[PDB]
Structures are given as C-alpha cells and as structure tokens.
Amino acid sequence: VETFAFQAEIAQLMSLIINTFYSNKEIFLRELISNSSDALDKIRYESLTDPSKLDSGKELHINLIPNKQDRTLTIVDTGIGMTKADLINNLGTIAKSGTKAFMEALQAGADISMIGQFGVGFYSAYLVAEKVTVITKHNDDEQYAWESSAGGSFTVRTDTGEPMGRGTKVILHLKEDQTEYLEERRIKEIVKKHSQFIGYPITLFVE
Ligand SMILES: Oc1ccc2c(-c3cc(Br)c(O)cc3O)noc2c1
C-alpha cells in the first residue's frame, strides 16, 4: 500500500467541499455519471479504429448500486479505465489548474454545483461520502484501488478484489446523514433531473 499526499491545492478543494454550507449535494451523482460517460466515450472512440480494445468487455454502460447494509453507493462503468499514473495524477484530471479556476469563480459568485465546468467534478463525491474508493482497470495496466477519507492523503494499491474486465468503480461510503442517496426513488429522481442526455444505459440496481 502506497500513501501519497494530495497537492496542497487539491487538499484545499476537498476541505472547501467538506466544510462549506451548501444544501444542493445531489449534484455529486450528476458529476460522477458525467465522468463515466466521458470514459465510455473514450473507449468507444478507440474501438472505432481498433475493435480489439473491446475484448475486455463489449458492453458500454453505467450501473448504480446502492447497498444499505454497507451504507455505500457504487457507480460502475465499463469505460476506458485509468492507469496507476492516472490515479496518482488526480484521477486523470488537471486538478491544480481546475481548482484555481473553480476557486476564483466561487469568489466571483459561482456556486459549488458548477464544479464540473472546472474539470474537478470527482471531488464533489465528498459532499456525501466520508470515504471514497476508486477501483479501476485500463487495457494497458493492472487493476488498482485508490482510496481517500480526505485529511490530506490518498492510498493506491494493486486490487486483489473481484476482477473487472475494464472500466471504473467509484464506491461512496456515505456520511451517516446522507443515506437518502441509497433510496431508489431519490436516485431515480436525480438521474432523471440531471442525466437525461447521457448516451449510455444507466441501470439502477434494486436491493
Ligand atoms: O483519462 C481518464 C480520465 C478519467 C477516467 C475514468 C473515470 C474516472 C472517474 Br473519477 C470516474 O468517476 C469515472 C471514470 O470512468 N475512467 O477512465 C478514465 C480515463
């Protein structure tokens, strides 16, 4: 298990998300589904010239898996997946510059819901999650698990869990007061409101 420090700017972003009074937390799901869509677009694009890229899984989709016993909401996609380097480099984002822009926008009157416009939507997960685990598999790398409960550090390890063919799984370990996001009707509402034009099947698992 390797432990890394967040860049100061990203730690600042995370504290802002965790500490700011802001009621419209539901947008985290839109942001994660958008990320999944982007990753699915990437593997589809690659497959247009090299169909063997889909040998690790032909179906391009997004699954939403609530588990009330574990208090987790898991978002699974069969997108391109991230390499170990992607994970370490802020989950494939340019988060330092994105955070700078986001901060400046907030000071000018923007609100947290606009986070995705700055390319750092992943971190909105911390609106509702006390811990986030990201399991990922790219065609050109091994399966890795990234994890952070904020507090300035994240870990990366090779994943010995259930193998995924290809793609990314974001496991949200929800805060005690945010269990509404495990309820079918609430999740359905959010998907319908914010993700109407995502061009991949979004399947909400039931329990
Ligand atoms: O260059 C990239 C950037 C992000 C992702 C992702 C990804 C990252 C997050 Br974070 C997420 O929530 C969902 C994803 O599919 N999978 O593969 C990628 C490749």
# chains A, B, ... in the order shown; residues from 1 in each chain; ligands from 1
$ residues_near_ligand --ligand "ligand 1" --cutoff "6 Å" --atoms "only C-alpha atoms and all ligand atoms" --output "JSON, numbers by chain"
{"A": [32, 35, 36, 39, 77, 79, 80, 81, 82, 91, 92, 122, 167, 168, 170]}
$ write_last_selection --atoms "N, CA, C and O atoms" --output "tab-separated table (two decimals), in the first residue's frame"
chain	number	residue	atom	x	y	z
A	32	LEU	N	-20.40	12.36	-11.26
A	32	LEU	CA	-19.81	11.04	-11.42
A	32	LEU	C	-20.33	10.33	-12.67
A	32	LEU	O	-19.58	9.67	-13.39
A	35	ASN	N	-18.54	11.84	-15.58
A	35	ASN	CA	-17.19	11.29	-15.69
A	35	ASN	C	-17.24	9.92	-16.37
A	35	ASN	O	-16.44	9.61	-17.25
A	36	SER	N	-18.20	9.10	-15.95
A	36	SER	CA	-18.35	7.77	-16.53
A	36	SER	C	-18.65	7.87	-18.02
A	36	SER	O	-18.06	7.16	-18.83
A	39	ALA	N	-15.56	8.66	-19.96
A	39	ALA	CA	-14.68	7.49	-20.05
A	39	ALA	C	-15.21	6.45	-21.05
A	39	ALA	O	-14.45	5.77	-21.73
A	77	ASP	N	-18.78	1.82	-14.22
A	77	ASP	CA	-18.84	1.99	-15.67
A	77	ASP	C	-17.84	1.08	-16.37
A	77	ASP	O	-16.89	0.60	-15.75
A	79	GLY	N	-16.00	2.04	-18.95
A	79	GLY	CA	-15.23	2.96	-19.77
A	79	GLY	C	-13.79	2.55	-19.96
A	79	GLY	O	-13.39	1.41	-19.68
A	80	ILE	N	-12.98	3.51	-20.41
A	80	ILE	CA	-11.59	3.24	-20.77
A	80	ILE	C	-10.73	2.79	-19.58
A	80	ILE	O	-9.76	2.05	-19.76
A	81	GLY	N	-11.09	3.22	-18.38
A	81	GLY	CA	-10.31	2.88	-17.19
A	81	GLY	C	-9.10	3.78	-17.02
A	81	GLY	O	-8.67	4.46	-17.96
A	82	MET	N	-8.55	3.81	-15.81
A	82	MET	CA	-7.38	4.63	-15.51
A	82	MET	C	-6.16	3.78	-15.22
A	82	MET	O	-6.27	2.70	-14.63
A	91	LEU	N	-6.76	11.45	-10.49
A	91	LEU	CA	-7.82	10.73	-11.20
A	91	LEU	C	-7.98	11.21	-12.64
A	91	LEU	O	-9.09	11.40	-13.13
A	92	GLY	N	-6.85	11.41	-13.33
A	92	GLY	CA	-6.86	11.78	-14.73
A	92	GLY	C	-7.29	13.20	-15.04
A	92	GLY	O	-7.65	13.51	-16.18
A	122	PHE	N	-15.15	15.08	-9.84
A	122	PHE	CA	-14.96	13.92	-8.98
A	122	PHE	C	-15.04	14.30	-7.50
A	122	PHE	O	-15.67	13.60	-6.71
A	167	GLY	N	-12.73	-0.66	-16.91
A	167	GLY	CA	-13.59	0.43	-16.51
A	167	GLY	C	-13.28	0.91	-15.11
A	167	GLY	O	-12.17	0.69	-14.61
A	168	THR	N	-14.25	1.57	-14.49
A	168	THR	CA	-14.03	2.19	-13.20
A	168	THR	C	-15.24	2.03	-12.28
A	168	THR	O	-16.39	2.12	-12.73
A	170	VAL	N	-16.66	3.54	-8.64
A	170	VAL	CA	-16.50	4.53	-7.57
A	170	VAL	C	-17.40	4.14	-6.42
A	170	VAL	O	-18.63	4.10	-6.56
$ closest_atom_pairs --of "stretch 24-122 of chain A" --to "stretch 177-187 of chain A" --cutoff "9 Å" --atoms "only C-alpha atoms" --output "tab-separated table"
residue	atom	partner	partner_atom	distance
A:26	CA	A:181	CA	8.1
A:29	CA	A:187	CA	8.6
A:64	CA	A:187	CA	8.7
A:65	CA	A:182	CA	8.5
A:66	CA	A:182	CA	5.1
A:67	CA	A:182	CA	6.8
A:68	CA	A:182	CA	6.4
A:71	CA	A:179	CA	7.1
A:72	CA	A:182	CA	7.5
A:73	CA	A:182	CA	6.4
$ residues_around --residues "residue A:40" --least-positions-apart "6" --cutoff "12 Å" --atoms "only C-alpha atoms" --output "PyMOL selection string"
chain A and resi 33-34+46-47+54+57-62+76-82+138+166-168+198-201
$ closest_residue --among "A:174, A:37, A:123, A:94" --to "residue A:16" --atoms "only C-alpha atoms"
A:123
$ residues_around --residues "residue A:102" --least-positions-apart "3" --cutoff "7 Å" --atoms "only C-alpha atoms" --output "MDAnalysis selection string"
chainID A and resid 98:99 105:106 115 118
$ closest_residue --among "A:84, A:131, A:192, A:169" --to "residue A:151" --atoms "only C-alpha atoms"
A:131
$ select_by_dssp --residues "stretch 22-164 of chain A" --states "helix (DSSP H, G or I)" --output "PyMOL selection string"
chain A and resi 27-47+51-54+84-88+95-108+112-118+121-127
$ closest_residue --among "A:43, A:11, A:75, A:17" --to "residue A:202" --atoms "only C-alpha atoms"
A:75
$ atom_distance --atom1 "atom CA of residue A:156" --atom2 "atom CA of residue A:144"
6.9 Å
$ atom_distance --atom1 "atom CA of residue A:154" --atom2 "atom CA of residue A:90"
10.1 Å
$ closest_residue --among "A:206, A:14, A:190, A:171" --to "residue A:135" --atoms "only C-alpha atoms"
A:171
$ atom_distance --atom1 "atom CA of residue A:110" --atom2 "atom CA of residue A:193"
20.6 Å
$ select_by_dssp --residues "chain A" --states "strand (DSSP E or B)" --output "PyMOL selection string"
chain A and resi 2-5+62-67+72-77+129-137+143-148+153-158+167-174+202-204
$ residues_around --residues "residue A:125" --least-positions-apart "4" --cutoff "8 Å" --atoms "only C-alpha atoms" --output "list in words"
residues 28, 29, 32, 121, 129, 132 and 172 of chain A
